[PDB]
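Trainee: Take this structure first; my questions come after.
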Amino acid sequence: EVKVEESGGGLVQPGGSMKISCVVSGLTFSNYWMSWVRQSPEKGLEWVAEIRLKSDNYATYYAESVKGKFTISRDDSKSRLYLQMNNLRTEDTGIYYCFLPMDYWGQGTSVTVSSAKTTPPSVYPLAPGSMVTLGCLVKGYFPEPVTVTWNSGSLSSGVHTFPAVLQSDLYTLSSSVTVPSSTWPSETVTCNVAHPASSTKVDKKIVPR
Amino acid sequence: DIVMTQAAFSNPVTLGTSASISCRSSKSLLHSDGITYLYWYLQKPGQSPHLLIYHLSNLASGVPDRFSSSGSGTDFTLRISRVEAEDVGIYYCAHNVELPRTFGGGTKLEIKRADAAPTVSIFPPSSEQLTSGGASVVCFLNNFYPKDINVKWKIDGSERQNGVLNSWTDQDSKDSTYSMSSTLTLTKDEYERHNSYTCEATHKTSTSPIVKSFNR
Ligand SMILES: [Pd+2]
């Protein structure tokens, strides 16, 4: 059906800029209004900018908190929406969604505004010293997020990844997977960690100690 | 701006029973055209929001008829008739009568289920981590209910609090349980000054902790 997919997020210094975008498919893009809504734990869901249609002279609207800082725009030929964000502050940190009022949401892109530097995670296997539980420790990264999968997404049930904890401007998280005892080590179990901000993609096979 | 007011939380709801979520709006959302422009969104854990109900009482495509919504121009009620594990998440109300567009704060639906003891696993530091100069000991306390739980670390019998960081998952969409990790962060230098590492989980399902250990 309709797919809304954001990109362009990452880390930038206070006072810096960022330009994010999303591409929409499965509808005729030029016929829909377009908005950006950001989510932070501090403010929840926050609408920040909207753009109307070619017939409306591409009229635009902004939240008071970002007028002058943000510029929304669209390229109907490419089915793409943009947000140009200037003079960013730490409070502009959030997940930015494309929201097509009122019916569709994208999957979000993360924007971090911080003076700390990007650091890739170190990934270490958690192996034991009828079911067997394994894990991956993802340590010492900045900014959020990371994504962890198991066997490239094949193992989905019996998995959970714990929220990251921040210490000294680095994050650490773990992921656990529970499988039947016979299956591992006989069949391979591997955690796949991605950290978009450093362009890290790592795979860690969990082997018996 | 229009203020949409909803409580942060619901009293836990037993599986198979009724949940009710309130919202109010500082301005009437009932338009001259008959429609009340009230919307509900569900954000499941780790997911983006998705449309649940539009125009006050209309179910979006695919939404189960266990969901229903009623209200005036200013006071609204979401009802789920027989809650299922999958329904857990944060429910947001929103208006569509002006800009700026505003959302309620979200109401988290908690499911009540049978108490379940945690499954506890402890993991010694990897050979890899030790090469890097680190030694993090990880303990997973998985698929327990209710949410409240305590972990105690011991090194060679003595209680250790220094360097412990804990993280709790949101409620599971499948079995309605919670899980927690406790990570004891040591340097290789300090880890190698001791032998026995223990994590102990205390939960309401027993008066005795579940104890897991290893020797370095
Ligand atoms: Pd207001």
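In the structure tokens, chains take the letters A, B, ... in the order shown, each chain's residues start at 1, and ligands count up from 1 in the order shown.
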Set the cut-off to 9 Å, count only C-alpha atoms and all ligand atoms, and list whatever residues fall near ligand 1 as a count of residues only.
Mentor: 4
Trainee: Residues of chain B that have any atom at most 9 Å from an atom of chain A: could you tabulate them with the shortest-distance atom pair and the distance in Å to one decimal, using only C-alpha atoms, ordered by chain and increasing number, as a tab-separated table?
Mentor:
```
residue	atom	partner	partner_atom	distance
B:39	CA	A:102	CA	8.3
B:47	CA	A:107	CA	7.4
B:48	CA	A:107	CA	5.6
B:49	CA	A:105	CA	6.6
B:50	CA	A:105	CA	6.6
B:51	CA	A:103	CA	6.0
B:54	CA	A:102	CA	8.4
B:60	CA	A:103	CA	8.7
B:96	CA	A:102	CA	7.9
B:99	CA	A:61	CA	8.2
B:100	CA	A:63	CA	6.5
B:101	CA	A:47	CA	6.0
B:102	CA	A:47	CA	6.7
B:103	CA	A:45	CA	6.3
B:104	CA	A:45	CA	8.1
B:105	CA	A:44	CA	6.2
B:106	CA	A:44	CA	8.1
B:121	CA	A:133	CA	7.1
B:122	CA	A:128	CA	7.3
B:123	CA	A:128	CA	5.7
B:124	CA	A:129	CA	6.3
B:125	CA	A:126	CA	7.5
B:126	CA	A:125	CA	6.3
B:127	CA	A:209	CA	8.7
B:128	CA	A:124	CA	6.7
B:129	CA	A:124	CA	6.5
B:136	CA	A:137	CA	8.6
B:138	CA	A:126	CA	7.9
B:140	CA	A:176	CA	7.7
B:142	CA	A:176	CA	8.9
B:165	CA	A:165	CA	7.4
B:166	CA	A:165	CA	7.8
B:167	CA	A:163	CA	6.0
B:168	CA	A:162	CA	6.4
B:169	CA	A:162	CA	5.5
B:170	CA	A:162	CA	8.8
B:172	CA	A:160	CA	9.0
B:179	CA	A:160	CA	8.2
B:180	CA	A:162	CA	7.2
B:181	CA	A:162	CA	6.9
B:183	CA	A:174	CA	8.8
B:214	CA	A:129	CA	6.9
B:215	CA	A:129	CA	8.7
```
Trainee: Near region 75-85 of chain B, counting only C-alpha atoms, which residues have an atom at most 7 Å away, once you skip same-chain residues fewer than 4 positions from it, shown as a PDB file with N, CA, C and O atoms, in the first residue's frame?
Mentor:
```pdb
ATOM      1  N   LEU B  15      -6.178  -9.202  30.574  1.00  0.00           N
ATOM      2  CA  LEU B  15      -6.433  -9.782  29.278  1.00  0.00           C
ATOM      3  C   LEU B  15      -7.875 -10.215  29.196  1.00  0.00           C
ATOM      4  O   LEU B  15      -8.443 -10.690  30.169  1.00  0.00           O
ATOM      5  N   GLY B  16      -8.463 -10.042  28.023  1.00  0.00           N
ATOM      6  CA  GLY B  16      -9.842 -10.405  27.783  1.00  0.00           C
ATOM      7  C   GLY B  16     -10.873  -9.501  28.425  1.00  0.00           C
ATOM      8  O   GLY B  16     -12.052  -9.786  28.337  1.00  0.00           O
ATOM      9  N   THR B  17     -10.460  -8.427  29.090  1.00  0.00           N
ATOM     10  CA  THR B  17     -11.437  -7.469  29.628  1.00  0.00           C
ATOM     11  C   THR B  17     -11.336  -6.087  28.987  1.00  0.00           C
ATOM     12  O   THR B  17     -10.489  -5.836  28.135  1.00  0.00           O
ATOM     13  N   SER B  18     -12.220  -5.205  29.432  1.00  0.00           N
ATOM     14  CA  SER B  18     -12.448  -3.903  28.845  1.00  0.00           C
ATOM     15  C   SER B  18     -11.466  -2.844  29.305  1.00  0.00           C
ATOM     16  O   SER B  18     -11.248  -2.661  30.507  1.00  0.00           O
ATOM     17  N   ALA B  19     -10.923  -2.099  28.344  1.00  0.00           N
ATOM     18  CA  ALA B  19     -10.131  -0.906  28.635  1.00  0.00           C
ATOM     19  C   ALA B  19     -10.890   0.326  28.139  1.00  0.00           C
ATOM     20  O   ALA B  19     -11.633   0.270  27.177  1.00  0.00           O
ATOM     21  N   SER B  20     -10.663   1.454  28.795  1.00  0.00           N
ATOM     22  CA  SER B  20     -11.295   2.712  28.442  1.00  0.00           C
ATOM     23  C   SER B  20     -10.244   3.823  28.571  1.00  0.00           C
ATOM     24  O   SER B  20      -9.547   3.875  29.586  1.00  0.00           O
ATOM     25  N   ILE B  21     -10.108   4.659  27.543  1.00  0.00           N
ATOM     26  CA  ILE B  21      -9.110   5.722  27.527  1.00  0.00           C
ATOM     27  C   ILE B  21      -9.788   7.073  27.234  1.00  0.00           C
ATOM     28  O   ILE B  21     -10.453   7.247  26.225  1.00  0.00           O
ATOM     29  N   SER B  22      -9.631   8.024  28.150  1.00  0.00           N
ATOM     30  CA  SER B  22     -10.275   9.318  28.019  1.00  0.00           C
ATOM     31  C   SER B  22      -9.386  10.345  27.327  1.00  0.00           C
ATOM     32  O   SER B  22      -8.165  10.308  27.421  1.00  0.00           O
ATOM     33  N   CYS B  23     -10.024  11.272  26.624  1.00  0.00           N
ATOM     34  CA  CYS B  23      -9.344  12.465  26.119  1.00  0.00           C
ATOM     35  C   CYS B  23     -10.307  13.633  26.271  1.00  0.00           C
ATOM     36  O   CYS B  23     -11.527  13.455  26.288  1.00  0.00           O
ATOM     37  N   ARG B  24      -9.756  14.830  26.471  1.00  0.00           N
ATOM     38  CA  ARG B  24     -10.526  16.048  26.282  1.00  0.00           C
ATOM     39  C   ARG B  24      -9.742  17.096  25.519  1.00  0.00           C
ATOM     40  O   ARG B  24      -8.492  17.111  25.498  1.00  0.00           O
ATOM     41  N   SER B  25     -10.512  17.971  24.893  1.00  0.00           N
ATOM     42  CA  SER B  25     -10.007  19.042  24.070  1.00  0.00           C
ATOM     43  C   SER B  25     -10.442  20.386  24.604  1.00  0.00           C
ATOM     44  O   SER B  25     -11.591  20.554  25.017  1.00  0.00           O
ATOM     45  N   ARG B  66     -13.086  -4.743  18.040  1.00  0.00           N
ATOM     46  CA  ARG B  66     -12.973  -4.650  19.486  1.00  0.00           C
ATOM     47  C   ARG B  66     -12.741  -3.189  19.881  1.00  0.00           C
ATOM     48  O   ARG B  66     -12.984  -2.819  21.018  1.00  0.00           O
ATOM     49  N   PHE B  67     -12.260  -2.388  18.934  1.00  0.00           N
ATOM     50  CA  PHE B  67     -12.063  -0.936  19.142  1.00  0.00           C
ATOM     51  C   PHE B  67     -13.296  -0.082  18.776  1.00  0.00           C
ATOM     52  O   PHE B  67     -13.960  -0.310  17.779  1.00  0.00           O
ATOM     53  N   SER B  68     -13.583   0.926  19.603  1.00  0.00           N
ATOM     54  CA  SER B  68     -14.711   1.784  19.361  1.00  0.00           C
ATOM     55  C   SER B  68     -14.455   3.103  20.063  1.00  0.00           C
ATOM     56  O   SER B  68     -13.697   3.140  21.029  1.00  0.00           O
ATOM     57  N   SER B  69     -15.103   4.154  19.591  1.00  0.00           N
ATOM     58  CA  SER B  69     -14.852   5.488  20.128  1.00  0.00           C
ATOM     59  C   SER B  69     -16.115   6.334  20.058  1.00  0.00           C
ATOM     60  O   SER B  69     -16.874   6.243  19.110  1.00  0.00           O
ATOM     61  N   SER B  70     -16.332   7.136  21.091  1.00  0.00           N
ATOM     62  CA  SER B  70     -17.523   7.982  21.238  1.00  0.00           C
ATOM     63  C   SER B  70     -17.095   9.305  21.822  1.00  0.00           C
ATOM     64  O   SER B  70     -16.009   9.402  22.383  1.00  0.00           O
ATOM     65  N   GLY B  71     -17.918  10.330  21.657  1.00  0.00           N
ATOM     66  CA  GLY B  71     -17.661  11.594  22.386  1.00  0.00           C
ATOM     67  C   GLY B  71     -18.448  12.798  21.931  1.00  0.00           C
ATOM     68  O   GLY B  71     -19.148  12.756  20.947  1.00  0.00           O
ATOM     69  N   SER B 173       4.467  -7.310  23.508  1.00  0.00           N
ATOM     70  CA  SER B 173       3.241  -7.384  22.690  1.00  0.00           C
ATOM     71  C   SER B 173       2.691  -8.793  22.537  1.00  0.00           C
ATOM     72  O   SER B 173       1.551  -8.989  22.083  1.00  0.00           O
ATOM     73  N   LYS B 174       3.509  -9.782  22.877  1.00  0.00           N
ATOM     74  CA  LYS B 174       3.129 -11.176  22.698  1.00  0.00           C
ATOM     75  C   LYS B 174       2.705 -11.859  23.982  1.00  0.00           C
ATOM     76  O   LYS B 174       1.627 -12.436  24.037  1.00  0.00           O
ATOM     77  N   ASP B 175       3.516 -11.784  25.034  1.00  0.00           N
ATOM     78  CA  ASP B 175       3.176 -12.467  26.280  1.00  0.00           C
ATOM     79  C   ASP B 175       2.906 -11.537  27.447  1.00  0.00           C
ATOM     80  O   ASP B 175       2.688 -12.006  28.530  1.00  0.00           O
ATOM     81  N   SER B 176       2.910 -10.230  27.215  1.00  0.00           N
ATOM     82  CA  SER B 176       2.559  -9.263  28.250  1.00  0.00           C
ATOM     83  C   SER B 176       3.524  -9.240  29.441  1.00  0.00           C
ATOM     84  O   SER B 176       3.211  -8.651  30.507  1.00  0.00           O
TER      85      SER B 176
END
```
Trainee: Can you tell me, as number ranges by chain, what residues are no more than 9 Å from residue 60 (chain A) when counting only C-alpha atoms, ignoring any on the same chain fewer than 4 positions away?
Mentor: A: 49-52, 71-73
Trainee: Suppose we keep C-alpha atoms; can you now write the selection as a PDB file, in the first residue's frame?
Mentor:
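So part26.pdb came out as:
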```pdb
ATOM      1  CA  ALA A  49       5.962  22.140   9.586  1.00  0.00           C
ATOM      2  CA  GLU A  50       3.386  21.497   6.816  1.00  0.00           C
ATOM      3  CA  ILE A  51       3.199  22.074   3.060  1.00  0.00           C
ATOM      4  CA  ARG A  52       0.081  22.088   0.887  1.00  0.00           C
ATOM      5  CA  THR A  71      12.010  25.242   5.791  1.00  0.00           C
ATOM      6  CA  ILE A  72       9.665  22.639   4.400  1.00  0.00           C
ATOM      7  CA  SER A  73       9.630  21.817   0.687  1.00  0.00           C
TER       8      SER A  73
END
```
Trainee: Record the distance separating CA of residue 208 (chain A) and CA of residue 216 (chain B), expressed in Å with one decimal.
Mentor: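 For CA of residue 208 (chain A) relative to CA of residue 216 (chain B), the distance reads 15.7 Å.
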Trainee: Which of region 24-207 of chain A end up as helix (DSSP H, G or I) when DSSP is run on this backbone - answer as a VMD selection string?
Mentor: chain A and resid 29 to 31 54 to 56 90 to 92 151 to 153 183 to 186 196 to 198
Trainee: So, counting only C-alpha atoms, which residue among A:191, A:116, A:20, A:197 is closest to residue 144 (chain A)?
Mentor: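 Selected residue with least distance to residue 144 (chain A): A:197.
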Trainee: Using backbone DSSP assignments, extract all strand (DSSP E) residues from region 37-207 of chain A; output them as a VMD selection string.
Mentor: chain A and resid 37 to 40 44 to 51 60 to 62 70 to 75 80 to 85 94 to 100 104 to 105 109 to 113 122 to 126 131 to 141 147 to 150 159 to 161 165 to 167 170 to 180 190 to 195 200 to 205
Trainee: Write out as a count of residues only each polymer residue whose atoms come within 9 Å of residue 171 (chain B), counting only C-alpha atoms; drop sequence neighbours fewer than 6 positions from it.
Mentor: 9
Trainee: How many Å separate CA of residue 68 (chain A) from CA of residue 97 (chain B)?
Mentor: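 If I compute the distance from CA of residue 68 (chain A) to CA of residue 97 (chain B), I get 24.5 Å.
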Trainee: Mind checking which residues fall within 10 Å of residue 54 (chain A), counting only C-alpha atoms, ignoring those fewer than 3 positions away in the same chain, and posting them as a PyMOL selection string?
Mentor: chain A and resi 30-31+51+57-59+74+76
Trainee: Would you write out those residues with C-alpha atoms, as a tab-separated table (two decimals), in the first residue's frame?
Mentor:
```tsv
chain	number	residue	atom	x	y	z
A	30	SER	CA	1.35	15.55	-5.45
A	31	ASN	CA	-2.27	15.19	-4.21
A	51	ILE	CA	3.20	22.07	3.06
A	57	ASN	CA	1.14	27.82	-4.33
A	58	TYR	CA	2.80	25.21	-2.14
A	59	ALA	CA	1.62	27.14	0.98
A	74	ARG	CA	8.54	19.16	-1.80
A	76	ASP	CA	6.34	16.30	-6.59
```
